Every structure is written in C-alpha cells, then in structure tokens.
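Peer 1: sequence first, structure after, both from an experimental entry:
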Amino acid sequence: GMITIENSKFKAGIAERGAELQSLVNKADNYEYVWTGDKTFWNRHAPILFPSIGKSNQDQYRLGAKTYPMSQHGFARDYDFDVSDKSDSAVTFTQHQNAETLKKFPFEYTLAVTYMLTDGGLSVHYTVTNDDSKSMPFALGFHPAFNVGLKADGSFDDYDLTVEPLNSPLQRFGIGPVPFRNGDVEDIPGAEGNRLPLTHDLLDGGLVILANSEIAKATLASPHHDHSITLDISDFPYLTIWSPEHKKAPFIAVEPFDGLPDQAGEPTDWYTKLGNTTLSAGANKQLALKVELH
Ligand SMILES: [Cl-]
Ligand SMILES: [Cl-]
C-alpha cells in the first residue's frame with residue numbers, strides 16, 4: 001500500500017508502512033533524489049525513527065526503575081500509518097500504539113506526519129502527541145538516503161555538506177562502539193569552516209552526528225553534479241551523515257535527528273537520556289522540515 005502526491009515539478013511515493021518516503025522525482029528529467037533500496041547496499045529508503053534513534057544498550061532501556069526492550073531504529077517504521085486529508089499534492093499519515101508497541105513502550109501515542117510538495121520541494125510536518133496519563137519520553141528522527149554520483153574508482157564525487165549558520169567550529173558526537181555514542185563531542189576529520197567534505201575516509205568509521213544545533217540549512221552538493229538538495233532543519237537539534245561502512249554505496253544519508261543513539265554502557269533511563277524529550281500527559285511536540293529539491 002503506497003500513496004503518491006505530485007505537483008507540476010515533483011512526484012513523491014510514500015509507503016503506508018512506516019509512512020516511509022520511498023521515491024522523490026524531478027519530473028523535468030525524471031531524476032530520482034531518494035535511494036531506490038537496492039539490497040546490494042541498503043534495502044530501505046527513508047525510514048522514520050520513533051521513539052528511539054539508533055541502537056539501545058543491550059536492546060533495552062529504563063523508565064525509572066523498570067526495564068523494557070527496545071528495537072534498533074525504534075518501531076514506528078515497523079507498522080502501518082492510516083491515510084487522511086489526501087489531496088493531489090499533500091497527504092497525512094497517522095500511527096497510534098498497538099499491543100506489540102505497548103510491550104516495548106508502555107504509552108498511548110499519536111505520531112502524525114504530513115507530506116506536501118511545493119515549488120521548492122517536499123515539506124514534512126511531524127506531531128508527536130502523548131495520549132497517556134504517564135509522562136512520555138521519546139526521540140524522533142528521519143533517515144533519508146540520497147543518491148550521489150561516484151568517481152571512476154567508486155569514491156564519492158566531490159560531495160560536501162555545507163551548513164548555515166554556524167556559531168562555532170563543526171563538532172560531532174564521538175562514536176564507540178559503532179553505532180553507539182562514546183559520550184564526547186569532538187572535531188570532525190576534514191571540516192573547513194562551514195563545509196564538510198563527505199568521503200569514505202570520513203564515513204567508514206560510522207555515522208557522523210553533527211552537534212551544532214544552530215544550523216538552519218544543510219546542503220548536499222557536488223560541483224560536478226546538477227542536482228543537489230538542501231535540508232531546512234532548524235527544528236531538529238542534530239543532523240547525521242551516513243553511508244554503508246567499507247562499501248562503495250552510490251548514496252549518502254543526511255538525517256535530521258530530534259534525539260541521539262544511546263551512550264554506551266548500562267541501560268539508560270529514558271527520562272534522562274540525552275536528546276530525549278519528555279511530554280506531559282496530553283502534550284504534543286511539533287517539528288517541521290523541508291527538503292529543497294535543486
Ligand atoms: Cl573520475
Ligand atoms: Cl570518497
């Protein structure tokens with residue numbers, strides 16, 4: 001079950017399963033911006049990450065003194081969303097808890113995602129609502145993989161991420177053991193002011209989680225390639241770059257994060273887990289982004 005939206009410039013395909021964007025096409029030349037899910041490198045396209053990003057310590061966590069199991073990448077991506085408010089250029093997907101999610105995460109919730117194509121590209125609005133009486137801690141991320149050109153030898157063809165604004169040098173969360181965090185924030189191999197060259201040398205050591213929350217726009221581009229994209233992500237405190245390690249995948253993921261993978265060690269209380277947001281009963285958090293399609 002899939003839904004398409006479109007306007008004069010663009011078409012998008014979104015799976016009801018995980019409200020997962022799977023395709024985003026420039027109609028003028030039929031260019032595909034989003035990874036096609038070739039299992040040679042990675043069999044997904046752009047999952048939603050909720051209520052956890054990344055891996056959990058010993059695949060579990062705490063709520064105060066109680067322990068629960070948690071799957072890597074959360075579980076929203078594993079269940080269908082209902083479709084509503086469908087027009088030619090926009091659509092809304094909504095997921096609630098189920099008996100399975102309640103075993104991992106004992107909260108009633110609503111996760112709503114609205115996609116809309118505009119002249120600029122694709123707008124995405126998220127609303128996370130705590131439908132429980134208990135205080136609900138969560139993380140929310142989006143994990144799109146974008147097609148990129150490669151050199152004769154399979155290296156990335158001179159792609160950089162350019163960011164703005166930047167009020168201090170670019171920093172990343174330290175990783176160890178991949179893909180968990182080690183707890184530090186550190187300098188990034190090869191960063192030059194607001195420009196980060198995206199190389200296998202950089203990415204082979206695992207995901208690069210930018211710590212600079214002031215960033216409003218992040219552009220993935222190469223001077224040798226016509227198409228680029230820019231992520232408008234002021235609402236998302238962190239931004240992660242990833243490509244399959246020690247492989248020559250023809251994609252780079254640029255992933256808005258409202259949360260962080262666990263710091264290595266013992267299972268973490270989600271009420272104090274770095275990057276988590278705790279919602280009061282009945283409260284909601286809203287986050288927006290845009291993928292500008294150039
Ligand atoms: Cl070349
Ligand atoms: Cl490279």
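Peer 2: Perfect, I can see it now. Numbering: from 1, shown residues only. Ligands and ions are numbered 1, 2, ... in the order given.
Peer 1: can you pull the contacts of the residue of the chain found nearest ligand 2?
Peer 2: Nearest to ligand 2, among the residues of the chain, is residue 155, at 3.4 Å (C-beta to the ion). (Each C-beta comes from the backbone N, C-alpha and C, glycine too.) Residues in contact with residue 155 (C-beta atoms under 8 Å, 6 or more residues apart in numbering) are 199, 200, 248.
Peer 1: repeat that for 10 Å
Peer 2: 199, 200, 201, 248 (C-beta atoms under 10 Å, 6 or more residues apart in numbering).
Peer 1: which among those count as buried?
Peer 2: Among the contacts of residue 155, those classed as buried by neighbour count (16 or more other C-beta atoms under 10 Å) are 199, 200.
Peer 1: out of the contacts of residue 155, which are close to ligand 2?
Peer 2: 199, 200 (C-beta under 5 Å from the ion).
Peer 1: keep only those of the contacts of residue 155 that are in helices.
Peer 2: 200, 201 (DSSP state H).
Peer 1: can you say which two of the contacts of residue 155 are spatially most distant?
Peer 2: Using C-beta to C-beta, the contacts of residue 155 reach their maximum pairwise distance at 201 and 248, which is 13.0 Å.
Peer 1: quick one: name the residues of the chain near ligand 1.
Peer 2: When proximity is defined by C-beta under 5 Å from the ion, the chain lies next to ligand 1 at 151, 152.
Peer 1: centroid-nearest residue for the chain?
Peer 2: Centroid-nearest residue in the chain, with C-alpha atoms, centre = their mean: residue 142, separated by 2.3 Å.
Peer 1: quick check: that residue vs residue 132, distance?
Peer 2: 24 Å (C-beta to C-beta, to the nearest Å).
Peer 1: and if you look at residue 138?
Peer 2: 11 Å.
Peer 1: cool, and residue 232?
Peer 2: According to C-beta to C-beta, residue 232 and residue 132 sit 31 Å apart.
Peer 1: circling back: residue 138 and residue 132: which has the busier surroundings?
Peer 2: residue 138 (25 against 16; other C-beta atoms under 10 Å).
Peer 1: wait, doesn't the more buried one sit right on residue 258?
Peer 2: Yes - using C-beta atoms under 10 Å, residue 138 is in contact with residue 258, at 8.7 Å.
Peer 1: between those two, what contacts are shared?
Peer 2: Listed as contacting both residue 138 and residue 258 by C-beta under 10 Å, 6+ apart are 50, 53, 128, 276, 277, 285.
Peer 1: hey, what's the residue nearest to the centre of the chain bridged with?
Peer 2: Note on residue 142: beta-bridge partners by DSSP bridges are residue 48.
Peer 1: ok, it to ligand 1 distance?
Peer 2: The spacing between residue 142 and ligand 1, counted by C-beta to the ion, to the nearest Å, is 32 Å.
Peer 1: which residues touch that residue?
Peer 2: 20-21, 46-50, 53, 113, 124, 126, 231, 233, 236, 253-258, 287, 289, 291.
Peer 1: go back to those residues and keep what's next to ligand 2.
Peer 2: Within the contacts of residue 142, nothing lies near ligand 2 by C-beta under 5 Å from the ion.
Peer 1: restricted to strands, list those residues.
Peer 2: Among these, the members found in strands (DSSP state E) are 20-21, 48-49, 113, 124, 126, 231, 253-258, 287, 289, 291.
Peer 1: now the residues you listed: which count as buried?
Peer 2: 20-21, 48-49, 113, 124, 126, 231, 253-258, 287, 289, 291.
Peer 1: list the buried residues in stretch 150-159.
Peer 2: Under 16+ other C-beta under 10 Å, the buried positions of stretch 150-159 are 156, 158, 159.
Peer 1: any idea how far apart the tips of that stretch sit?
Peer 2: 9 Å (C-alpha to C-alpha, to the nearest Å).
Peer 1: that one: how far from the chain's middle?
Peer 2: 24 Å (C-alpha atoms, centre = their mean, to the nearest Å).
Peer 1: just stretch 195-207 next, same as before
Peer 2: How far stretch 195-207 lies from its chain's middle: 17 Å, per C-alpha atoms, centre = their mean.
Peer 1: send me it as CSV with only the CA atoms.
Peer 2: Taking C-alpha atoms only, stretch 195-207 is exported to CSV below (Å, rounded to 0.1, in the frame of the first residue of the first chain):
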residue,chain,number,x,y,z
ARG,A,195,32.0,23.0,4.7
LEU,A,196,32.4,19.2,5.4
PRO,A,197,33.9,17.1,2.6
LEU,A,198,31.9,13.8,2.6
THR,A,199,34.4,11.0,1.9
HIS,A,200,34.7,7.3,2.7
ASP,A,201,37.7,8.3,4.8
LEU,A,202,35.3,10.3,7.0
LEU,A,203,32.3,7.9,6.8
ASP,A,204,33.9,4.5,7.1
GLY,A,205,34.2,5.0,10.9
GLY,A,206,30.4,5.2,11.3
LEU,A,207,27.7,7.7,11.4
